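Asker: Let me begin by handing over the structure; questions about it come next.
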Amino acid sequence: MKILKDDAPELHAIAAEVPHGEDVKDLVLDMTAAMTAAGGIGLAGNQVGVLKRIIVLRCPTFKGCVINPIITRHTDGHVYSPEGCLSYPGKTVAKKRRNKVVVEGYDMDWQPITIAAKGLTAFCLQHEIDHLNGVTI
Ligand code: NI
Ligand code: NI
Ligand code: NI
Ligand SMILES: [Zn+2]
C-alpha cells in the first residue's frame, strides 16, 4: 500500500461499514505493514485508499485492529492532545479530545472486542475513527 498524498479525496470521504464476516485478514496485514513502514502508531482505511471502516493501532494500551469501530462511552469535556498524522507529514495540531473512551467493534476473526482507553491510546482511537468519517487534524 501507499500512504495517500495530503490532497487525496479519500481523506475526506466516508468509509463504508464492513459487511459482517467479510474476510479482512489480508487488508489488515497490508494496513499494519503500511502503518509500521511509515513509523506510525495508528492508521485508518481512508489513508491507504481503502474506504472501509478498519483501523490498525500500535498504542500504549492497545495494539491490533478494529473492524467497524464505534465509541460507546466517553468522558465529558475535552483535554489537550497534540497530534500528527501520517497523511500530513510535518504537521502537529493541538486537538481537543475526550480523555477516556470505550471503543467497540470486531477483531479480524469477527470476535466482538471492547477497548477501554485513556490518554494517548484514547487520542489514537479518536483520531483513527475520525479518519473513517473523512475528518482530519
Ligand atoms: Ni505498499
Ligand atoms: Ni483536504
Ligand atoms: Ni456522547
Ligand atoms: Zn491520521
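Each chain of the C-alpha cells is named A, B, ... in the order shown, its residues numbered from 1; ligands are numbered from 1 in display order.
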Could you pull out the residues in range 3-89 of chain A that DSSP calls alpha helix (DSSP H) from the backbone, as a list in words?
Answerer: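 DSSP on the backbone gives alpha helix (DSSP H) at residues 25, 26, 27, 28, 29, 30, 31, 32, 33, 34, 35, 36 and 37 of chain A.
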Asker: Kindly work out which residues sit at most 9 Å from ligand 3, using only C-alpha atoms and all ligand atoms, and give the list as a PDB file with N, CA and C atoms, in the first residue's frame.
Answerer:
```pdb
ATOM      1  N   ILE A  71     -17.450   4.446  19.152  1.00  0.00           N
ATOM      2  CA  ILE A  71     -17.289   4.923  20.525  1.00  0.00           C
ATOM      3  C   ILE A  71     -18.611   4.751  21.266  1.00  0.00           C
ATOM      4  N   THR A  72     -18.619   3.900  22.289  1.00  0.00           N
ATOM      5  CA  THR A  72     -19.866   3.645  23.016  1.00  0.00           C
ATOM      6  C   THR A  72     -20.014   4.420  24.334  1.00  0.00           C
ATOM      7  N   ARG A  73     -18.897   4.929  24.852  1.00  0.00           N
ATOM      8  CA  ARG A  73     -18.874   5.756  26.060  1.00  0.00           C
ATOM      9  C   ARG A  73     -17.667   6.662  26.035  1.00  0.00           C
ATOM     10  N   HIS A  74     -17.808   7.841  26.626  1.00  0.00           N
ATOM     11  CA  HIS A  74     -16.675   8.752  26.742  1.00  0.00           C
ATOM     12  C   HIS A  74     -16.897   9.680  27.936  1.00  0.00           C
ATOM     13  N   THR A  75     -15.802  10.225  28.447  1.00  0.00           N
ATOM     14  CA  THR A  75     -15.878  11.259  29.468  1.00  0.00           C
ATOM     15  C   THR A  75     -16.430  12.566  28.898  1.00  0.00           C
ATOM     16  N   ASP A  76     -17.055  13.368  29.757  1.00  0.00           N
ATOM     17  CA  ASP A  76     -17.483  14.718  29.385  1.00  0.00           C
ATOM     18  C   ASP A  76     -16.281  15.645  29.321  1.00  0.00           C
TER      19      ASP A  76
END
```
Asker: Compute the set of protein, DNA and RNA residues whose minimum atom distance to ligand 4 is at most 9 Å, using only C-alpha atoms and all ligand atoms, and state it as a PyMOL selection string.
Answerer: chain A and resi 40+42-44+47+83-88+124+127-128+130-131+136-137
Asker: Just to be explicit: take each residue in the selection above, keep N, CA and C atoms, and write the result as a PDB file, in the first residue's frame.
Answerer:
```pdb
ATOM      1  N   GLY A  40       4.232   4.914  12.045  1.00  0.00           N
ATOM      2  CA  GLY A  40       3.034   5.407  12.724  1.00  0.00           C
ATOM      3  C   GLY A  40       2.603   4.577  13.921  1.00  0.00           C
ATOM      4  N   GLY A  42      -0.927   4.589  14.450  1.00  0.00           N
ATOM      5  CA  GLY A  42      -2.307   4.293  14.070  1.00  0.00           C
ATOM      6  C   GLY A  42      -2.462   4.534  12.581  1.00  0.00           C
ATOM      7  N   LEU A  43      -3.461   3.896  11.982  1.00  0.00           N
ATOM      8  CA  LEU A  43      -3.760   4.084  10.571  1.00  0.00           C
ATOM      9  C   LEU A  43      -5.204   3.695  10.292  1.00  0.00           C
ATOM     10  N   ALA A  44      -5.879   4.440   9.416  1.00  0.00           N
ATOM     11  CA  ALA A  44      -7.265   4.154   9.065  1.00  0.00           C
ATOM     12  C   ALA A  44      -7.346   3.825   7.584  1.00  0.00           C
ATOM     13  N   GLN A  47      -6.684   6.288   4.664  1.00  0.00           N
ATOM     14  CA  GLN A  47      -5.329   6.834   4.463  1.00  0.00           C
ATOM     15  C   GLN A  47      -4.518   6.041   3.447  1.00  0.00           C
ATOM     16  N   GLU A  83      -1.270  16.243  18.112  1.00  0.00           N
ATOM     17  CA  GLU A  83      -1.261  15.090  17.228  1.00  0.00           C
ATOM     18  C   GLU A  83      -0.627  15.387  15.901  1.00  0.00           C
ATOM     19  N   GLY A  84       0.129  14.414  15.399  1.00  0.00           N
ATOM     20  CA  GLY A  84       0.489  14.389  13.995  1.00  0.00           C
ATOM     21  C   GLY A  84      -0.413  13.421  13.258  1.00  0.00           C
ATOM     22  N   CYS A  85      -0.055  13.171  12.009  1.00  0.00           N
ATOM     23  CA  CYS A  85      -0.816  12.290  11.147  1.00  0.00           C
ATOM     24  C   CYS A  85       0.058  11.855  10.002  1.00  0.00           C
ATOM     25  N   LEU A  86       0.009  10.564   9.675  1.00  0.00           N
ATOM     26  CA  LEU A  86       0.840  10.043   8.592  1.00  0.00           C
ATOM     27  C   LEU A  86       0.477  10.653   7.246  1.00  0.00           C
ATOM     28  N   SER A  87      -0.762  11.127   7.118  1.00  0.00           N
ATOM     29  CA  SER A  87      -1.220  11.757   5.878  1.00  0.00           C
ATOM     30  C   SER A  87      -0.741  13.199   5.756  1.00  0.00           C
ATOM     31  N   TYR A  88      -0.281  13.783   6.860  1.00  0.00           N
ATOM     32  CA  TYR A  88       0.172  15.183   6.870  1.00  0.00           C
ATOM     33  C   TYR A  88       1.547  15.294   7.514  1.00  0.00           C
ATOM     34  N   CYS A 124      -5.430   8.314  20.067  1.00  0.00           N
ATOM     35  CA  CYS A 124      -5.148   7.403  18.926  1.00  0.00           C
ATOM     36  C   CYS A 124      -6.496   6.955  18.329  1.00  0.00           C
ATOM     37  N   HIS A 127      -8.686   9.754  16.839  1.00  0.00           N
ATOM     38  CA  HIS A 127      -8.052  10.223  15.608  1.00  0.00           C
ATOM     39  C   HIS A 127      -8.340   9.252  14.464  1.00  0.00           C
ATOM     40  N   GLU A 128      -8.185   7.955  14.715  1.00  0.00           N
ATOM     41  CA  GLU A 128      -8.397   6.987  13.625  1.00  0.00           C
ATOM     42  C   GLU A 128      -9.854   6.855  13.224  1.00  0.00           C
ATOM     43  N   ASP A 130     -12.023   9.241  13.483  1.00  0.00           N
ATOM     44  CA  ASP A 130     -12.270  10.475  12.712  1.00  0.00           C
ATOM     45  C   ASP A 130     -11.954  10.249  11.229  1.00  0.00           C
ATOM     46  N   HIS A 131     -10.804   9.635  10.939  1.00  0.00           N
ATOM     47  CA  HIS A 131     -10.435   9.368   9.538  1.00  0.00           C
ATOM     48  C   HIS A 131     -11.560   8.678   8.774  1.00  0.00           C
ATOM     49  N   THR A 136     -10.052  15.017   9.470  1.00  0.00           N
ATOM     50  CA  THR A 136      -8.605  15.041   9.632  1.00  0.00           C
ATOM     51  C   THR A 136      -8.177  16.188  10.547  1.00  0.00           C
ATOM     52  N   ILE A 137      -6.957  16.116  11.071  1.00  0.00           N
ATOM     53  CA  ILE A 137      -6.460  17.156  12.001  1.00  0.00           C
ATOM     54  C   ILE A 137      -6.210  18.505  11.299  1.00  0.00           C
TER      55      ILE A 137
END
```
Asker: Got a sec to check which residues lie within 7 Å of ligand 2, using only C-alpha atoms and all ligand atoms, and send them as a list in words?
Answerer: residues 6, 7, 11 and 12 of chain A
Asker: Of the residues A:65, A:94, A:101, A:48, which is the one nearest to residue 113 in chain A, using only C-alpha atoms?
Answerer: A:65
Asker: Fewer than 5 positions away in the same chain doesn't count, so skip those; otherwise give me all residues within 9 Å of residue 133 in chain A, counting only C-alpha atoms, as a list in words.
Answerer: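 Here the qualifying residues turn out to be residues 11, 12, 13, 14, 15, 46 and 53 of chain A.
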Asker: Output the selection as a short mmCIF file (atom, residue, chain, number, x, y, z; two decimals), in the first residue's frame - N, CA and C atoms for each residue.
Answerer:
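Resulting contents of again_12.cif:
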```
data_model
loop_
_atom_site.label_atom_id
_atom_site.label_comp_id
_atom_site.auth_asym_id
_atom_site.auth_seq_id
_atom_site.Cartn_x
_atom_site.Cartn_y
_atom_site.Cartn_z
N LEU A 11 -9.30 11.03 1.83
CA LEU A 11 -9.13 11.52 3.20
C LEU A 11 -10.37 12.21 3.75
N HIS A 12 -11.24 12.69 2.84
CA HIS A 12 -12.45 13.39 3.25
C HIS A 12 -13.72 12.59 3.06
N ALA A 13 -13.58 11.43 2.44
CA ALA A 13 -14.70 10.54 2.18
C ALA A 13 -15.07 9.73 3.42
N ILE A 14 -16.28 9.19 3.40
CA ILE A 14 -16.78 8.35 4.49
C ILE A 14 -16.49 6.89 4.15
N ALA A 15 -15.80 6.20 5.05
CA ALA A 15 -15.54 4.77 4.88
C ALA A 15 -16.81 3.96 5.14
N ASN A 46 -9.06 4.90 5.08
CA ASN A 46 -9.03 6.02 4.11
C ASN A 46 -7.61 6.42 3.72
N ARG A 53 -14.40 0.60 7.02
CA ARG A 53 -14.23 1.03 8.41
C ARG A 53 -13.33 0.05 9.17
#
```
Asker: So which residues are near ligand 1, meaning at most 12 Å away with only C-alpha atoms and all ligand atoms counted, given back as a list in words?
Answerer: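 So the residues close to ligand 1 are residues 1, 2, 3, 4, 27, 29, 30, 31, 32, 33, 34, 35, 36, 37, 38, 48 and 49 of chain A.
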Asker: Find the distance between CA of residue 81 in chain A and CA of residue 95 in chain A and write it in Å to one decimal.
Answerer: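 According to the coordinates, CA of residue 81 in chain A and CA of residue 95 in chain A are separated by 5.0 Å.
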Asker: What is the distance, in Å and to one decimal place, between CA of residue 134 in chain A and CA of residue 68 in chain A?
Answerer: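 Between CA of residue 134 in chain A and CA of residue 68 in chain A the gap is 14.7 Å.
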Asker: Can you list every residue in chain A that DSSP puts in strand (DSSP E), as a ChimeraX atom specification?
Answerer: /A:42-44,54-59,62-74,79-83,93-97,100-106,112-118
Asker: Do a neighbour search on residue 98 in chain A at 9 Å with only C-alpha atoms, toss out local chain neighbours closer than 4 positions, and write the hits as a list in words.
Answerer: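 Contacts, in chain order: residues 74, 75, 76, 77, 78, 79, 80, 118, 119, 122, 123 and 126 of chain A.
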Asker: Near residue 106 in chain A, within 6 Å and counting only C-alpha atoms, which residues show up once chain neighbours fewer than 5 positions away are dropped, as a PyMOL selection string?
Answerer: chain A and resi 66-67+111-113
Asker: In Å, how far is it from CA of residue 129 in chain A to CA of residue 100 in chain A?
Answerer: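 Between CA of residue 129 in chain A and CA of residue 100 in chain A the gap is 14.3 Å.
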